[PDB]
Structure formats: C-alpha cells, structure tokens
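Next up is one chain by itself, shown in structure tokens, the form deposited in one PDB entry.
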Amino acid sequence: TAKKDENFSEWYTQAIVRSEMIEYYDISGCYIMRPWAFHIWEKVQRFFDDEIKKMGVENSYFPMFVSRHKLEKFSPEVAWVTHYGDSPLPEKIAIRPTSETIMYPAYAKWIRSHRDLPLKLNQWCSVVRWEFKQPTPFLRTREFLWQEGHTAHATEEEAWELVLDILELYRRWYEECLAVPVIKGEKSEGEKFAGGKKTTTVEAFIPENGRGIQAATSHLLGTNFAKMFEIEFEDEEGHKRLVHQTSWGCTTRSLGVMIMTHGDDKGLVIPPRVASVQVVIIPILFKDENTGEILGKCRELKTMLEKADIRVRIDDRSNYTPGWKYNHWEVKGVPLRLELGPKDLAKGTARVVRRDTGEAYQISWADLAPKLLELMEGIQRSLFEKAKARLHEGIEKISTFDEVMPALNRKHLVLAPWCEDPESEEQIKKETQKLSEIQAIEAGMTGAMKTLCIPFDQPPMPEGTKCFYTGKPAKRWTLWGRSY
C-alpha cells in the first residue's frame, strides 16, 4: 500500500508487520521477534559464531544484573531493579546496558600470567537501554539482542589486529550475508566509545531518509579498562603489566538495515543466503486436473533441490488461489518461486520467478538444481551491487561548508577534508541543526549533521588542502551526514 519512495516509515512498518516479522508490544520501545525474522537472526548468528570460533573466541554467559558499585566505575538509560515483589532490595541492581563492568572483574581474577593470554570471550544475549525517544523496530529499541565480544592481549598490536579482524567479520556479516554495503572507518574523538582508545565502525546508508547508520562496532580499548579493573599479567621476567583489550558488538539492527536496503513496493526482499525459504513451490491445482500427480512431482522436486542444500517450502493449500500465494510469498520476500501445473509437467519443465526483478525462466527438471543455485547467487550479487551503487550515489565529495546544506537537502552524505579538531565537530552539529530548522520553517527527526566515520579508504589528499569548516590544514577525508 505505502510506496517506499513516498512515506518510508509507513512502508517500513507495513513491510515488517504484513510479512509477520514483528509484533507490537504494550511496553513502548520493545517488539516481539516472530519466526520469519528470528530465522534470519539465527542465520547471521551461526555465521558469526563459526567465524569467531575459528579465531579462538569461546562463548560464555554472564549475569544480566550488575551491582551499583561495579557499574558506577548513559546513566538515565540504565534500568534499575529496586524491589523483589513489594519488598525493597538492600541495594538496587541494574540491568546490563553492556557487560564491561560485569565481565572485567572476572578477567582481573582469571589473568595472572602471559600464558593466560590472549583471553577471548563472547556472549549472545539481550541488553536494555531505556531511552524515552521514539523507537524504530530493529533499528532503535529499548531491549535488543546482540553479541558482545571482549578480549585481552599481552600487547597493543595484537589487540589492534583483533579489532581489525572482527571489523572484517562485521563487513562480511553485512555484505556477504545480508548483501548490504558498508564503509569501514574510525570514529571521531567526540563519537568514539569514551572508555576506549579508538573505535572502528562499519557504517551503512538509508537513501530514503538520507541517514547514515552505524552497522557494527569494534573498539581498541587499550589499557584503560585494565587500570580501572586491575587486569594485569606477568611476563616470563616476572614483571606485572597491564593487558590490552578489545570489545565489539553487533545487534538485530542489522536485520532492519537489510530490510530497508532491499525492500520494494511489494514488500520484503530477502537475500538468498539468509532466506529461511529460498524457493517456494506453488502447484497449480485446477479442479479438472490430476492433482495427485502434480503434488507428487512438487515433492520430488523439493527432494532434488534439498539435496543441493536449497531451502524449499511447498505451498499446496487448496483454499488459496495461485495469485494469492504469489503475493503472499512476495510480501514475505522469498527470493524464488517455482510454479508447476499440468502444462509444465507435460513439458518436463518448471516456471521460476525471481523476486528482485520479476524475471521469469523456464527450466528443465534436470537443470533445476544448478540453475537455481546460479540464480540465487545472481540475485544475491545484484542486490548487493545495486545497494552499493545507491551508496556511492548518496555520497557527495565536497570542499567547503557552503556545499553541506544543499547535499543534505538531497538526502546525501558528504565526504570532506577535515582537520579533526573535536570543537569543530560540535560547532558543525549545532550550525547544521540551526540551518535545518530554518529550512523546515520554509517548507511548512533531528537535523544535525555529525561525523559518521573517518574512512579507512582515504581518497588522495592534495597538498595544502584546507579543512572544509575551519580553514585549518586538513588532515583526513571524513564522512558526515544526518544519522540514526
């Protein structure tokens, strides 16, 4: 009903509700994750889990509660448990917004010698961040599922290499699983995690509202938390030294980003590598046909495709028309549908329709498994490459501040030479907010532009390039935009 290029927020709501991905809940900012979305979470979780276990990372489970003393060592976002029944607790306890203060006292106890390092742990769980602003399903919620990984190393260089390895895993999570392009970069001093040394990030872009969104994060913590929690190891000489730490996380926000990137006016489009149903088989069931024969062949084709590890469902319900089923599985984003009626059976072929473009194919039964494998890889790659083209066309390279507001009004990001002085970033935030409010009055949700990241992939910097806002000597190209 709602078109993606008109009212994007109602289009998004419709897409995720009518596909049965989410259900609303009476506590604002929390949503139920129904199986159609949860299956995709399980897929990207299995991918990430397999990859970090190759790195020596092991899973664990730390408590969801943290004592006041351990935590206070943001604060309006922490939900506090204060009573058990109607009786009060001696000291209130907080629900984890993140688990640094829960895990790191244990780390301090576990780590004694250089032979105890590196220590690499992860956990899958939910965290709670209690903001009063308007939530967005998947993207910004008061409770969300995530993983958080936390490691400790004998040297800064080894920790930093792990930070980059994890960030490459997040790039693969988005680009290789979800077909969403991202930009690797480092956060500005004002945007980085306060408790760390350097925050690396992958950033995505939502063309319809022009907003950048942080996709995942990998922090070089250095020795800051090691001094805070007294996490030290002994070298083989016997001298005690602080450990060098990392932490990293990624959330169900990734599902929302995937949904927004690939959806169209008919609803969801799910990349084949994460679709729980890759091929839906729809028999044509005329009253005047050998229905048993048609259903039998559908079952044979399902078996044949599953031997190729294709995930198949047959929708053989007699009480819905094929047109109804076409729309039903399009709305849910199944990437391929296979139609089989008496004429196809007589020709020994099946008709296959791809969800992204609607192109149709007639495929022999012998060619079905390899041709469908090839088509799923083509769909996955085309979804990614068109998203990547939209990303590149959503970024304007600029040289002075005069170009900021026009580009923002085109719902674009800007890539600008920046001197990286923190004071300049907050001046830029405040000025672009003011200019946005003026433009809003002339037109008849926040408008501020901030840094999204300083990209790893730096374009050439001609000698003597000036900062686009301060006029001081520029240091690096920086990606800015309105943001989630």
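Rigid core (definition): largest C-alpha set, two forms, superposition within 1.5 Å. For every residue, the number given is its place in the sequence shown, counted from 1.
- Residue 320, modelled here, also has coordinates in every other compared entry of this protein that models residues flanking it, well short of the third needed to call it frequently missing.
- Modelled in this chain, residue 437 is likewise resolved in all the other entries of the protein that span it on both sides, not missing from even a third of them.
- According to the entry, the deposited sequence places 4 to 9 unmodelled residues between residue 444 and residue 445.
- Coordinates are absent for 4 to 9 residues of the deposited sequence placed between residue 73 and residue 74.
- In this entry, the higher average B-factor at the C-alpha atoms falls on 231 to 239, of the pair 231 to 239 and 307 to 315.
- Taking the PDB entry as given, 342 to 350 carries the higher mean Cα B factor of the two stretches 96 to 104 and 342 to 350.
- The entry assigns its greatest Cα B factor, within the set 380, 362, 123, 199, to 362.
- The PDB entry assigns the greatest CA B-factor among 438, 40, 57, 64 to 438.
- Ranked by Cα temperature factor within the chain, residue 432 sits in the middle third according to the deposited record.
- Compared with the other modelled residues of the chain, the Cα B-factor recorded for residue 406 ranks in the highest third.
- Residue 417: CA B factor in the middle third of modelled residues in this chain (values from the PDB entry).
- In the PDB entry, a CA B factor belonging to the middle third of its chain's modelled residues is recorded for residue 450.
- In the deposited entry, the Cα temperature factor of residue 12 sits in the bottom third of values across the chain's modelled residues.
Below, we refer to the form deposited in another entry, which is not included among the displayed structures.
- After superposition on the rigid core, the C-alpha displacement between the shown form and the other one reaches 2 Å or more for just one residue among 397, 83, 410, 227, namely 83.
- Relative to the superposed core, residue 356 undergoes a Cα shift smaller than 2 Å between the shown form and the other one.
- Once the rigid core is used as the reference frame, the Cα position of residue 327 differs between the shown form and the other one by less than 2 Å.
- With the core held fixed between the shown form and the other one, residue 289 has its Cα displaced by at least 2 Å.
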